[PDB]
There are 2 protein chains.
Amino acid sequence: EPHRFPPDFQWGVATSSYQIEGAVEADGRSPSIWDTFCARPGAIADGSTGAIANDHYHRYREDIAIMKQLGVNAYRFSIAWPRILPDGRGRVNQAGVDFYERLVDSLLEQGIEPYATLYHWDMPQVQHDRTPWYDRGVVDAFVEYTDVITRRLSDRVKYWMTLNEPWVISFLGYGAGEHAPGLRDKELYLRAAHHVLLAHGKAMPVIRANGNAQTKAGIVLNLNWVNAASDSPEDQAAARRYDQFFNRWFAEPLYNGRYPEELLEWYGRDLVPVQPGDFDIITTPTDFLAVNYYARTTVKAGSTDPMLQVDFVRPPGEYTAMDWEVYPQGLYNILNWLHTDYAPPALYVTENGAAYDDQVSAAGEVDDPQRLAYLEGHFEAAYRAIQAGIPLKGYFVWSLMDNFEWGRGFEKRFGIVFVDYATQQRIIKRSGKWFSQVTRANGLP
Amino acid sequence: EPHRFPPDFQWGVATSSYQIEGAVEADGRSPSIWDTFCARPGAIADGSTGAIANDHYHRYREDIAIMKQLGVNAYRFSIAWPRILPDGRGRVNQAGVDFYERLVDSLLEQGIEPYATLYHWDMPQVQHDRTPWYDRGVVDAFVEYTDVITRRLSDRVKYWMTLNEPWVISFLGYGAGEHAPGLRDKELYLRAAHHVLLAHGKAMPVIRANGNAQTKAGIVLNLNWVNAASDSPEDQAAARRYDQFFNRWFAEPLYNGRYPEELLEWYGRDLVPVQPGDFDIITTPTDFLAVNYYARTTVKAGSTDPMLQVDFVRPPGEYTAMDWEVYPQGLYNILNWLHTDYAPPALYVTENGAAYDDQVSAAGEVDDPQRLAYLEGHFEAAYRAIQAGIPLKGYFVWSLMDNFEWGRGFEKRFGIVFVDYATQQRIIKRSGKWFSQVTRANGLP
Ligand code: NI
Ligand code: NI
Ligand code: NI
Ligand code: NI
């Protein structure tokens, strides 16, 4: 049954720098906000840090060989600002730039297209000391960083992502206190959210300028399918607020030059530090929109989250180890919504995947049928989306291998490749072996 | 017959270092956590900082002369750890030590007894980067600082206070995000609360050892009178939780070696990082208990404060510009409770005062009848406490002069002396002139 994807479809896997690289003091790297945050009691559920991680800084070539086994034609990673500009600004760290040159050279040598994320949450601590995301001066700082690295890599890297998951950077970082730098303030989150958008917009012309005609760039948004727990007006309203908060807070500014009004009013409109011309910057044209999709979230009115006055409900269904509902149809729905409402020239699924408890068998294999079924359903939903004329150009599985899952530490494994953290051994999981077939087939089954 | 106080009663005024000193970069001083926190948008209501304050670092002699006008025989101030040990630990900054030597010498020369607070919220930023209050290593850091300064000043300073308002340092700093360092987490607040108590206990033997037979030391607790909004069980329980949170959380450990059990259970007892021997340390005997009293707080069951599940009610009555209820009877009730329940050998009111909108009249005077009436009622309540056999030894008005009121900035004026921040001119207010008679009469006119 030829459920084949388009002939140039990009099949990849995704990682982020602090999640896999380790080697946190190597070669002039300065501490990121995450290096500092992991020190805080209760911040990381298993008490771990990203100090070693997958040790990908040293093991990249081996990982690239794994990718060859996987059959991917694309690889999404992030570049660590602390390696490039350890003082946050000013002097370029040659050694740091050199790592990414070696990585990109190795990828292209193996026929793997590099998709580079500029910012995936690891701002140098020294830069955050000067300009936290709630401080407008952060925009120029991120742009300087973008300029340095893009000038060095634009000859080899064609696809760039500006910032990964604005909602996470702003809300979790500054609103819920769950991610670095670990603050919890509604105003700080809204300021951070606005400045992330501004940084994305100011960065785009820089990327295009340091590139060539082939250069493509966009932002990466986390989106999930949102449902109301019931038909009650309070629940419909709760769902609508959460949807505006999670899914529309960035998309509407990016495409329509406005924040969702009802949520804006509810917050207090003056808390967003919009200045004249900001929306013109924010709406700067992009080549694509990248989407990170994981789950359906079902909402009712309540007090669990005091800021939005909502509670979360779990419909009967299948759940991952992250307590996230498995809802493959949600991916189709999100792609369709973006395509009908904003009409981006191209879409990419830059992240999709699942965490389940994995064990290594006596045979030395990792049998993960739940994760495989998860991936299968979502790939199917993406295939349906393409058949419906949605311009989905690629799909990147989160993640290549198990890694530091932020506040959950190393306890939640998202990889299609298992990592034994005692020895750094990599074992391709059953889902990974299956994926090796999908990529070569292009794709299902 | 006159309501005369005891013949040796200490009448004073109080300040803190960051609130009055200014000169934040002078003579080797490093940034405190408050210098950093003032940079945060929304942190300070009027957008101000403590960079200049009352410029007391330069103007201390002038201020001391004002104290003489006021007739005080005692002065409560705090010492800045950032001046003494700018690197947080290690090298003593002799210029910093020198300011406090000159301050104390000048005070004793005028017959004013110094009452010195070791920690009034200004940890050096560099030290906080190593040991925040939630990190147990903070205890030895504070003890080192205590040791250095007590050796230099113990020959002239007899009365020492270890830490000012544990509840503020831990809850406002780490639990509500309102004070530096601006974090909002239940676990972090409880760890901080416990470590402040431990710092107090470890500090006491150091202060005693560096001193002589005259040396007296204690902690300073903020306490307010708490009332339930009604007789409903939900309201009583809410009031109980708040009382335990605000008034008993520190006092019960200090005197009985335990935290209030019901609130402890409510929080989750594992969050307090109690280790063996800690309570033996926390209960180390003190010479006195210092009390900071301002208001009556009325509580009902509610979801406004989600951590305690309480709401606040304003009974019909008189309110200051801080929106705090004026209830002088509360002061007597608090003193009586401490005296009956814990029997401290001595008590001091280390802070009591009020903020009202002040204006300078055309005649160049500040007529503040509401602040005057506030002070009169509370002084009367203190007089009643002494007649009841409570061993109240002194009363310090907050504050000598208008100053940086933390999160409210300079907009809230607590002084009995007005400060025109445009010129640094000091105008003794009417309440201050009135107080000048109380001290000299040693009781209420
Ligand atoms: Ni079919
Ligand atoms: Ni009488
Ligand atoms: Ni000077
Ligand atoms: Ni511990």
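Quick one: with label points 7 Å out along Cα→Cβ, list the inter-copy distances for residue B:236 in nm, shortest first?
4.4
What FRET efficiency, computed as 1/(1 + (r/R0)^6) with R0 = 22 Å and r the Cβ-Cβ distance, is obtained for residue A:212 and residue A:64, rounded to the nearest 0.05?
0.30
With label points built 7 Å along Cα→Cβ from the Cα atoms of residue B:337 and residue B:362, find their separation and express it in nm.
With each label point 7 Å from Cα toward Cβ, the separation is 4.8 nm.
Would you kindly derive the ³J(HN,Hα) couplings of the stretch A:103-118 from the backbone phi angles with the Karplus curve 6.51 cos²θ - 1.76 cosθ + 1.60 (θ = phi - 60°), listing them in order in whole Hz, with x for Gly and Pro?
Along the stretch A:103-118, the couplings run 5, 5, 4, 4, 4, 5, 4, 9, x, 10, 6, x, 10, 9, 8, 5 Hz.
Test of understanding: ordering B:156, A:440, A:76, A:152 by Cβ neighbours within 10 Å, fewest first, what list do you get?
Sorted ascending by nearby Cβ count, the order is A:440, B:156, A:152, A:76.
How would A:97, A:196 line up from fewest to most surrounding beta-carbon atoms within 10 angstrom?
Listed from fewest to most nearby Cβ atoms, that is A:97, A:196.
For the stretch A:44-57, in order, what is each residue's ³J(HN,Hα) by Karplus, 6.51 cos²θ - 1.76 cosθ + 1.60 with θ = phi - 60°, in whole Hz (x at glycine and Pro)?
My calculation for the stretch A:44-57 gives 10, 4, 9, x, 8, 9, x, 4, 9, 6, 8, 6, 5, 4 Hz in order.
Which shape class, rounded, prolate or oblate, goes with chain A when its Cα gyration tensor gives a ≥ b ≥ c as root eigenvalues, a/c under 1.5 marks rounded, and past that a/b bigger than b/c marks prolate?
rounded
Once the label point is set 7 Å along the Cα-to-beta-carbon vector, what list of distances in nm do you get between residue B:26 and its counterparts in the other copies?
Listed shortest first, these distances are 5.0 nm.
Using only Cα atoms, what is the ratio of the radius of gyration of the stretch A:173-318 to 2.2 N^0.38 Å?
In units of the globular-protein estimate, the stretch A:173-318 measures up at 1.15.
Taking Cα pairs under 8 Å and at least six residues apart, what relative contact order does chain A come out at, in percent?
18 percent
Net charge around residue A:18, counting only other residues with Cβ within less than 10 Å of its Cβ (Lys, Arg = +1; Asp, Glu = -1)?
Here the count lands on -3.
Extension gain residue A:420-residue A:102, at 0.36 nm per residue separation less the Cα-Cα distance, in nm?
Residue separation times 0.36 nm, minus the Cα-Cα distance, leaves 111.9 nm.
Amide H neighbours of residue B:32 under 5 Å, counting only residues 5+ apart in sequence or on other chains, H built in-plane at 1.01 Å?
Here the answer is B:125, since their amide H atoms fall under 5 Å of that of residue B:32.
Among B:202, B:393, rank each residue by its count of other Cβ atoms within 10 Å, from fewest to most, as a rough exposure measure.
Final ranking by Cβ density, sparse to dense: B:202, B:393.
Residue of A with Cβ nearest the axis relating A to B, plus distance in whole Å?
Taking the axis that maps A onto B, the answer comes out as A:184, 2.
Tell me the GluC sites (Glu not before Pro) within the stretch A:20-85 that lie in a loop according to DSSP and have at most 11 other beta-carbon atoms within 10 Å.
A:25
Students often forget the sequence filter, so: which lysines lie under 27 Å Cα-Cα from residue A:412 once same-chain residues fewer than 8 apart are removed?
Excluding near neighbours in sequence, the set is A:68, A:429, A:433, B:186.
Please list the non-local residues whose amide H lies under 5 Å from the amide H of residue B:353, H modeled 1.01 Å from N, same-chain partners needing a gap of 5 or more.
Result for residue B:353 returns B:398.
Where the centroid of each part is defined by its Cα atoms, how far is the stretch A:217-246 from the stretch A:278-347 in Å?
Cα centroid to Cα centroid, the span is 7 Å.
Which of these, B:95, B:354, B:362, has the largest mean-square fluctuation under a Gaussian network model of chain B (Cα springs below 10 Å)?
Maximum among the listed residues: B:362.
In deg cm²/dmol and to the nearest 500, what is the mean residue ellipticity at 222 nm of chain B if only DSSP H runs of at least 4 residues count, each as -39500 (n - 2.57), divided by the residue total?
-11500 deg cm²/dmol
Please report, largest first and rounded to whole Å, the three semi-axes of the ellipsoid equivalent to the stretch A:351-443, where each semi-axis is the square root of five times an eigenvalue of the C-alpha gyration tensor.
26, 15, 11
All other residues with a Cβ under 12 Å from the Cβ of residue A:134 taken together, and with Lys, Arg as +1 and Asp, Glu as -1, what is their net charge?
+1
Please pull out the direction-averaged projected area of the protein assembly as shown, using the convex hull of its alpha-carbon atoms, in nm² to one decimal place.
Projected area, direction-averaged: 40.3 nm².
Return P(r) of the stretch B:37-156 (all Cα-Cα pairs; 5 Å bins starting at 0; whole %; ordered from short to long distances).
Going from the shortest bin to the longest, the percentages are 2, 9, 18, 20, 17, 16, 11, 5, 1.
Any number yet on Rg/Rh for the stretch B:1-75, C-alpha, Kirkwood?
1.14
Given a Förster radius of 22 Å and the C-beta distance between residue B:346 and residue B:280 as r, what FRET efficiency does 1/(1 + (r/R0)^6) yield to the nearest 0.05?
Between residue B:346 and residue B:280 the formula returns 0.45.
Counting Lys and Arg as +1 and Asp and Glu as -1, each charge on the Cβ, what is the dipole of chain A about the Cα centre in debye, to the nearest 20?
Here the size comes out at about 840 debye.
Sketch the reach of a paramagnetic label on residue B:94 as a point 7 Å from Cα along Cα-to-Cβ, and name the residues of the stretch B:130-152 whose backbone nitrogen lies under 19 Å away.
Within reach of a label on residue B:94: B:148-152.
The stretch A:245-315: Rg/Rh from Cα coordinates, Kirkwood Rh?
1.04
Neighbour counts run over all protein chains shown; Cβ positions are idealised from the backbone, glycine included. Readers should treat all values here as calculations from the given coordinates under stated rules, not as data from a laboratory.
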